[PDB]
Structures are given as C-alpha cells and as structure tokens.
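Just the one chain here, the form deposited in one PDB entry, laid out as structure tokens.
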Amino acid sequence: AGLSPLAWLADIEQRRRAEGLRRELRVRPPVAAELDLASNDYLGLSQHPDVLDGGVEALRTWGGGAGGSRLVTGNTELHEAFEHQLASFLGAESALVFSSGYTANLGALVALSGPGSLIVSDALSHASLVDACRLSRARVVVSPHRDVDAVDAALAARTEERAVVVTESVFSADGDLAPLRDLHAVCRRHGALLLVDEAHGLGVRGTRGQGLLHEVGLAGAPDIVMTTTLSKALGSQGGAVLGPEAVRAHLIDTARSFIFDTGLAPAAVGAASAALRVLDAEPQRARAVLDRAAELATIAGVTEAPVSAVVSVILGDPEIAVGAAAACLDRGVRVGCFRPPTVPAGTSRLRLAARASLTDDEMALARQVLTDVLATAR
C-alpha cells in the first residue's frame, strides 16, 4: 500500500474538475477531419514538401538524434549552418539553437541575469519566461503590462549594476505588440539589457516575416538579445537565442539548459532550415496570415484589426467559452479556449489562430461555424 503518497493527486483532480479547469488531451489523426484554427503553425510550413525534404535529408545524413550535448559530440555542421542562416535572416550577429523554446528562454535569461542582478518582467509573460525569472536567482520586478514608465522607475532605483528587461515582442496572452523602441530607449539610458521573445512575431511581423524587432529597426543592436521558437512559423521544434557574438560564446560556457541537454535533433534543424528557405522566398506568407487574421476578426466581431496571427474573442463566461469551443468542433472547426487561470476572471475567450495556408473555402466554413456558434453564445 504505497497509496498515500499519490492519493493527493485524486484530491487535486476533484478540485480541478470542481472549478471546471481539469485539462485533458484529445488525440489527433494523421488526416485531420476538422479545420484547425488552434495550432501556431502560422505559415502552414509544418507539412510543406520542402520542409519534409529538409528533415528527411538531415535525418538520413546525421541520424535521429544529436547523440549528446553540443559541448561534447552533438554539434554538427548542420547546427552551425542553420544558426548562420537564422541569424542572417533575422539580422543578428549570431544564433544558438536549443532543444525547445522553453529551454532557450531558460538558458538565455538565466545566463544573462543571475544572482546580484535585476530582472524587470512583464506581468503577462509566457510561463517559460516566468519560470526563467524564478531560475535565474536574480531579483525580479514584475511591471504592469507594457508599462514603460514602470520599467524606467524600476531601473532608475536599482542598486544592481546589471539589469535585464524581459518582454515578448508579440505577447502570447493577448496578441498585442510590445513597445519595443520605447522600452529599448529606457534600457540604454540605464545600461540595461533588453531580452525579447519573438515566438509570435517571427514569420508574422515585418514585411518579410523577420519579427517585430527587425520591423521597428532594432535588429542587431548591441544591447538586445532575442529568443524565438522553431515550432510556430518555422513548423519544427527547437529554440534559438540570437544577439552579439559574445552572447553565443557566453551561453555555451554557462547556460545550464544548453550544456546539460542533448541538443536539437538534426531532423528538426533540417526541417526548420527548409521552412526558413520557403519563408525567405515566399514572404507573402507573412502577409497572408495577417490578412486571414483580419478576416477572422471581422467574423468574430472584433472591430480593431489584429496586429498578430491570433484573434481573441472575449466570451466573458467560462462555461459559455468552453461551450462555444465545443460547438465549433462539432461543426468541424477546432478553436483555442482560454479560461481562468489563463486570463483574468470575466474575460474568458476563444482564440482563432490564422495560418497563411488557409484557403477560401476554409474561411467560409469559419464564417459559417463561428457566426452560428457565437450568435448563440451571444
């Protein structure tokens, strides 16, 4: 009877189901029956033939895994060729790929802050960045959403020499845009570093999909470090940290989620290298995902044009919000559903994620389904 030490998991499940928060998995078949407006495969590249070719060619050339840490034997010519390709596309001096976006965020923020330093964090930050702040062992100040003045005051009063301001370029919570130039003006005045996660800007912002930093003209600044994922626009798996040449050499030397991980599979690096090749050659994809989002905003009754791929549809009640998500699926459309604790109380919503590859008949099914489901929920 080793029942006691795991019996508390049952009480947590009762309480989670009591508040209607218990998350479960659905299982997706290879040929999907239902239109997907819930993934973050923004450019449709996960199943593009070129992307299939890149992963397979890497896989046959290099194997199924890196074989070990990049600090021992896992660093291939493929890894460094992609790092050059990504950095050049993004306008950065250097790039370093991690096994995932989550470990890229842990690795970058922890190694550039650390004990005795200050981190200024946005209150709506992605969980990967909140965990990083906990792991850095730095002193952490959390500012109101996109409150540049709050950032200014926190930096001006710090006794710590080194400070990192952390933010998303395109926020995963709401899809709004970070005030990158203002935030950066505050950092340089205070000698602080600016860390920017462009997981939702890459492939989406910029006229050629190069991210919000590039778009606002901050790409390559000596005091800006960028993180991104390879699993959204670039259709693959992995994380990446980008910035000055010294940052890469620092992460190799001290970032714990880089040294003591096995490092990104070749097939994922090959896949993402092809996907970046397609984006570079078909930059209209970054514009189509923004266009489809706008149509999704109009459909959903959102009056202001979306600046990012994902549309938020504030239903305002959790059971109503979940109810709408379930009715869409039954009608052939898989949509995203955020309820507390993900969003504040009373702001339960659907997320409609645009993809560059959406066709006109698929949008008419989105018009048909979302209109009917939302008009009932309304």
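Superpose the two forms; the largest set of C-alphas matching within 1.5 Å is the rigid core. One-based numbering along the sequence shown.
Only in words, not in the display: the form deposited in another entry, which the text now covers.
Peer 1: Which residue, 72, 249, 153, 142, is displaced 2 Å or more at the Cα between the shown form and the other one after superposing the core?
Peer 2: Comparing the C-alpha positions, the one residue that moves 2 Å or more is 72.
Peer 1: Using the core for the fit, does the CA position of residue 28 change by 2 Å or more between the shown form and the other one?
Peer 2: Yes; residue 28 is a residue whose C-alpha shifts (by 2 Å or more) between the shown form and the other one when the cores are overlaid.
Peer 1: Is there a C-alpha shift of 2 Å or more at residue 14 between the shown form and the other one once the rigid core is superposed?
Peer 2: Yes, the C-alpha position differs by at least 2 Å between the shown form and the other one.
Peer 1: Between residue 124 and residue 21, does the Cα distance in the other entry come out closer or farther than in this form, changing by 3 Å or more?
Peer 2: Pair moves farther apart in the other entry.
Peer 1: A 3 angstroms or greater change in CA distance between residue 46 and residue 24 is reported in the other entry. Closer or farther than in this form?
Peer 2: Relative to this form, farther apart in the other entry.
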